[PDB]
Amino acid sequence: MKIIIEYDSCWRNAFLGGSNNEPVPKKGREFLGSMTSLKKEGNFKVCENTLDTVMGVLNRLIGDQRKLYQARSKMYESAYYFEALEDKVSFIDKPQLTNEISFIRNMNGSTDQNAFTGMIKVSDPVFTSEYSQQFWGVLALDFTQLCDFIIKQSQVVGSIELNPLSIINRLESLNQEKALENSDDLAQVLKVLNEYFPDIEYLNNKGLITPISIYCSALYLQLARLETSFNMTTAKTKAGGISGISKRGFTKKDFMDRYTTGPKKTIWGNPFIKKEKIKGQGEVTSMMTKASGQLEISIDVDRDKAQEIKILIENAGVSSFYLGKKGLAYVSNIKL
């Protein structure tokens, strides 16, 4: 018995981890179709009509309403109608492939660098207060002036403009400076900080010290120190934190959201494209494969079995179904 399925505009790609032949988890399947995911190992998946894809279409055509992995497990019924015939079905696929790029949708993450929504909050009290200048001015000192400030020095005339961008830029620069060796004149400002801030350690794997980890801890100093001169509540979160700036570093998106009306910038999706450098061919690109054509399924069974199948179809009254993904596949001819 031959069943000829004609289809058109079917997707031949897959973006989800795990498998579709087992119950779908609580939070769902992990999405591996974003820009970063596709570059890595084997996240880029190409799909062909396998056996499972032909069985789910045979069950679908007889009206079944339980995931194909459930029909195979005889989950909510007595027997699996095709358990005997699964070793008796063949199929020939006759597609015409097409390579196009499709903008797929991503349903979780958000962007940090160069990413914010709404208006920039340049009027926030932290920038427009009397304490504001000699508080952010700590981030403008060079590394020699800072180390002397950390030793109770009350002088911070370093004046810069107060606004989210310039601050986050100055923190970008200070994060791009090289590391420093543990000198002896440095070791004392490490005693001062680690007396102020015991629970954290300013060190890398091999005794390195990042400059930004010192500018930030110095800014927490300025916060605690100034608390005698002015009222800092507008400069902290509740519970005495600094928004987007930890004593070890700074989180960009957290800082930018706090100072921008409107939520964080969401990544709505990305084009299904993967550019690898493959020697001999230069740079080869990989897109989404779309297929169109017909798929001939043949089951070697008694003619009576064939007529039983053909009327089980008519009994279910199914019509026009997708094929693997987002297609238009109907049944065009049935041969007993």
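The first residue of the shown sequence is 1; numbering continues from there.
- Task: Output the stretch having the higher mean C-alpha B factor in the entry; the candidates are 279-287 and 43-51.
- Result: Stretch with the higher mean C-alpha B-factor: 279-287.
Averaging C-alpha B-factors over each stretch, which comes out higher, 215-223 or 147-155? The stretch with the larger average C-alpha B-factor is 147-155.
*Which one, 108, 114, 102, 261, has the peak C-alpha temperature factor per the PDB entry?*
Highest C-alpha B-factor among the listed residues goes to 114.
_Sorting 135, 196, 255, 127 by Cα temperature factor from the record, which one lands on top?_
In the PDB entry, the greatest C-alpha B-factor among 135, 196, 255, 127 is found at 196.
- prompt: Hey, what third does residue 38 fall into on Cα B-factor, ranked over its chain?
  reply: Ranked within chain, residue 38 CA B lands in the highest tercile.
| query | Against its chain's modelled residues, does residue 234's Cα B factor rank lowest, middle or highest third? | reply | It falls in the bottom third of the chain.
Self-check item: residue 247, C-alpha B-factor rank within chain (lowest, middle or highest third)
Solution: Tercile = middle for this residue's CA B-factor.
Would you mind ranking residue 168 by its C-alpha B-factor against the rest of the chain and naming the third, lowest, middle or highest? Its C-alpha B-factor, which the entry lists for residue 168, ranks in the middle third among residues of this chain.
For residue 202, the third of its chain into which the C-alpha B factor falls:
Its C-alpha B-factor, which the entry lists for residue 202, ranks in the highest third among residues of this chain.
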